[PDB]
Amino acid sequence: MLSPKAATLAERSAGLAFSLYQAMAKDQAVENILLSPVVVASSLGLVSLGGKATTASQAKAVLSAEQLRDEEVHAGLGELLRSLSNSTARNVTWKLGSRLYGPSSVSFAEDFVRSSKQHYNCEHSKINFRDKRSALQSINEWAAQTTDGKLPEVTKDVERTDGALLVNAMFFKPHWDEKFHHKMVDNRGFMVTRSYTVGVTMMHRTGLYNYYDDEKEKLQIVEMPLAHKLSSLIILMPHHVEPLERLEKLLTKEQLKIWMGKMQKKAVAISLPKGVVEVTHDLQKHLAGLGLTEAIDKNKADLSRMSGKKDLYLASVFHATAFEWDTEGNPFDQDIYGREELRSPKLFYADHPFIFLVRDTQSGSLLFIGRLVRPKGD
């Protein structure tokens, strides 16, 4: 169970992940979204750890952590990160690597490597960006190894090559509290728009799930408990096939609390696309739009705790995730339902774009947020 310090940092991380999601959703080069709040927050913690003056103060400001001592930020986020990789009680597959790539000519300060390793498990390697073919190979191979092949290549190009690249590579596979049957899979169309359909594999289960149909805002919301019920995957989907902009305007922490309070445990037939969704985001511009203006600026950044010198700036914040929808989960008894309870289920038929998030059941704090707009398929 998280300390009160870590719980406060989880809340800061959740508030930031929400603001970032909304910023990225307004960008029409952004299709699928996959974001881990503690990992986004750790990018800001690293900037605070490696920066001075306004470079670092902006990082804490974007995290709404102005009234936390610097050491409290790094400690609380570190406990969070270590908790997500604990695997003691969770039974949920989570692989995370964090690596700071610096130019070959820039020596990381011994104090910063120890601290970033201690708090953020951050790895460090100088790479020479003159040799681009090899630079991409270092990054992509490191990410593939971090995720055991689930994320085989994070990026095809590095645009700004004169600064630091922060790369986070992740694999996340929610493990259901009540598993889907491995044979309840078939092939159906996913409607990206009303004129473009992609053939997908869908997985299906009928069970008792917390559920709410908002007829007035034409959306459904369903709660899927993960293994041992210490977090839940929440799915939000409009009635019609439509851009998610309208739903995203409604989505807030407050509105979610209203929705969840209206939920009732009912028989629901859930149909979801099955498979791996891979997304790489460069958060650089979006963090800057949220207030991290100087760290990302070749001419302003003060990251001299990272390197001793002051020409280093944050060129990229790569946030790369493989999120796998699969049937596996905990087994469940004969029948905790009866012949009666599962008849005439509501359908939650996710054959068109939806928003999803993972919430901590205890503190209601966000633990993952994304949307599926265009699945992979042949």
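Residue numbers here begin at 1 and follow the sequence given.
query = Where do the C-alpha atoms have the higher mean temperature factor in this entry, in 83-91 or in 145-153?
reply = 83-91 has the higher mean C-alpha B-factor.
task = State which stretch shows the higher mean Cα B factor in the entry: 289-297 or 157-165.
result = Result: 157-165.
ask   = Based on the PDB record, which member of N187, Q118, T206, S232 exhibits the highest Cα temperature factor?
value = Max CA B-factor in the entry, restricted to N187, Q118, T206, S232: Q118.
task = Quick one: which of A61, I33, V40, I336 shows the highest Cα temperature factor in the PDB entry?
result = Reading the PDB entry, the winner on C-alpha B-factor is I336.
message = Going by the CA temperature factor in the PDB record, which third of the chain does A53 belong to: lowest, middle or highest?
response = According to the entry, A53 has a C-alpha B-factor in the chain's highest third.
task = Rank-wise, by C-alpha B-factor, drop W176 into the lowest, middle or highest third of its chain.
result = CA B-factor rank for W176: lowest third.
query = Split the chain's modelled residues into thirds by Cα B-factor; is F318 in the lowest, middle or highest one?
reply = Answer is middle: the recorded C-alpha B-factor places it there.
request  = Grab the CA temperature factor for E341 from the record and place it in the lowest, middle or highest third of its chain.
outcome  = Answer is highest: the recorded C-alpha B-factor places it there.
request  = Divide the modelled residues of the chain into thirds by Cα B-factor and specify which third, lowest, middle or highest, holds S19.
outcome  = Lowest third, going by the recorded CA B-factors of the chain.
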